[PDB]
Each structure stands twice: as C-alpha cells, then as structure tokens.
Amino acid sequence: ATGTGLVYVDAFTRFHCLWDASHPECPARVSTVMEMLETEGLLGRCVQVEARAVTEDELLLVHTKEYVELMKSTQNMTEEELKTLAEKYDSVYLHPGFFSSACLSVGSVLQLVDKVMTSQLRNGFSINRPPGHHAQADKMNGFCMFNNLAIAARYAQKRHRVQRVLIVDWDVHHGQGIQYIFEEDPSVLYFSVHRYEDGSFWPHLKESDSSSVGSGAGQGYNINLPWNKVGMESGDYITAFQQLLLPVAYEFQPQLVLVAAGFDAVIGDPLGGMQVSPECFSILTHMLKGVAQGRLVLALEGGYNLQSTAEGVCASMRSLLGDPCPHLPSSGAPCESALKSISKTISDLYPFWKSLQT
C-alpha cells in the first residue's frame, strides 16, 4: 500500500536504429538504469509490477485508427520499407520490434496507474522505451510512436473515473504531442519546462513559447516554461516549481500526477545543454508528492548520457521511496535568464490562476 512500483521488461531493449549505430535512443539507456537501480539497492526496495501490452481501444483514446494500423504493420516491413516510412516523420527511426516494444511501453504506465489509483501502491516509475511525449494523434515524432502519458491520462479518466490529471514534463524538450492532444481540454493540465532559445532548439516550434496557454475550454491549462540560455541548474528548476508549478498545481487539485521523466537536462547529456545535478530530481519529485494524495507516476522519456540518466532515475526513485532529500550545494537561487523566463510565463498565465495573481 505504501510501496513504489517499478515496471521493466527485457522487450524494452529489443529495438534499435538499424541504419545509424550512433543513434542516442538505444537499448543501453534502459539497461544502464536497471543496473544502477540494482547496484544502489533501490530495485529491491520497489514492488516489481508486470508490464502489459496496450490494447487498440486504449490507443484509440489518443491515436487514430489509421495511424495505429500503420504502426502495427511496421512489424512485417523490410529495413528499406521501415526507412522509407521513418523518413516521412521528423526525428524517428523504425525497427521490426518497435511496435511491440511501444505497446509494452504504453502498457507499463497503465499498469502503474491501476496500482496507484487503487491504492495498492503509493507511486511508481516505468523504466520504458520508446519514449512518448512527442508522439501525436496520427504521427510518429522525436523517437516516439505512441504518447505514453497522454494515453495514461485519458485511461485514468475513462477507467478510474478521475476528473483532473496533471502532466509535468521535465524532459529538456517540449512535449508538443501532449500539448496538442490536450490543447482544448481543461481536465488535463500540461506543464512543460524545456530548452527553447527562441526556437533555435529542436523541435523549433513557435507554440513552445509561453504564449501557448491552450484554447477554447482549455484556455489556461497549458503552461510552457521556455529556457532561452543553456546551462540551467537545479536552482532554476526548483525556483520554477516554487514560483509557478506548485501554486497552479494546488489550485488545479489534480487527482493523479504523471511525469514525463526525461533526464536530458542533467549535466553531461550530449543534447540538452543544461547543468542540472541528478540530485535535483530528488527535490523535484518530492515537490510533486504533496498533491493528488501522492498519486504520482513517472515514465521515462529522454536522457542520453547513460550515467547521467541512470543517476537522475535513481535520485527520483529515492524520493518515491520516501528517503529524505539530500542537501544541494547551491543556494537554490535562479539565474537572471531563468527568472526572465519564469516571470514571462507567469505574465502569460496570470489571468487564469488566482494563485499567481499579485
């Protein structure tokens, strides 16, 4: 009842980029996480939860039937056919086992949602690949086939009857797929902090700026925090949570929190350009446990330095398990650029959240 669930299956290693041996999204990402969780003694403290394959009806909560069928057909394609299809999307590869692994990747999150919503566990972490946060209703994107967390949010609502879900995306990239899926939906609050640099950084979208607040019934329920300088640190992230995310989260009163738990903002990542210590993620995880009765599920997104990502997962897991947060050496104060971004996001979201008004 007070336990932390962990989902991992060997199938998560059974796909890789056939035409580029240097591709950063590779099986070692999850192997190294599991090895470090074990050597740190954290794996044995978790409740191992079985994965399952997502069903078609679960996928259809987010994705179109035509897209699901096309993705299913990739399991029977030749390498040349896989490459031709992958080239129709941005930043994607395909492999004959990609679809099977992607189905287990979604299902791993759903299994944890079941355990957490029924109070059989307190919280949990899926150690899954492929990632999900860029996947869209009818498109692969950014190493993603199916939108793991968007499916999990709608599943929590349909199966477990949850009214409000908060999705917190701390991967260094903007989860535009999640934003698009819930753009008009006030029942799923999406918060993303991400490198932006005025669009210079992938995925180069105007709608990754803080002016994209959602639309229609969803106006105010999409919150982007774009960083416009590299080198952000733990104090920048903690300050963003203290000034912006936590006040809104308590006002929103979510009944489940899902985290797009990428670790490409950790120091040493080859792509992220940030300098966040792995230990920061103990604090950020702790800061999210005070809403939704602690019903908190993390799912792996990006993160490409094998050691940095494994250290970030372990730091998050220590907090899920209830270990006291470490002291961080830095003061917690944000740099000027981070403060500028936080203030601008608050300015854009002020009209929709009493907890931000001054």
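Just count from 1 along the sequence shown to find any residue number.
No coordinates for residue 36 in a third or more of the other PDB entries: It is not, since residue 36 is included in all of the other entries that model both flanking stretches.
Please determine whether residue 290 lacks coordinates in at least a third of the other PDB entries of this protein that model its flanking residues. Across the other compared entries, residue 290 is absent from none.
Mean C-alpha B-factor higher for 206 to 214, or for 123 to 131? Comparing 206 to 214 with 123 to 131, the higher average CA B-factor belongs to 206 to 214.
Quick check: 174 to 182 versus 85 to 93, which has the larger average CA B-factor in the record? Mean CA B-factor is higher for 85 to 93.
If you compare 311, 35, 66, 301, which has the highest Cα B-factor in the entry? Answer, based on the entry's C-alpha B-factors: 66.
Among 333, 317, 292, 306, which carries the highest Cα B-factor? Each of 333, 317, 292, 306 was compared by C-alpha B-factor; the highest is 333.
Within this chain's modelled residues, let me know which third the CA B factor of residue 297 belongs to: lowest, middle or highest. Lowest third - that is where residue 297 ends up once the chain's C-alpha B-factors are sorted.
Chain-relative CA temperature factor third for residue 28: It falls in the bottom third of the chain.
Residue 269 CA temperature factor, ranked by third within the chain: Middle third, going by the recorded CA B-factors of the chain.
Place residue 249 in the lowest, middle or highest third of its chain's C-alpha B-factors, as listed in the PDB entry. Residue 249: CA B-factor falls in the middle third of its chain.
Chain-relative CA temperature factor third for residue 169: Lowest third - that is where residue 169 ends up once the chain's C-alpha B-factors are sorted.
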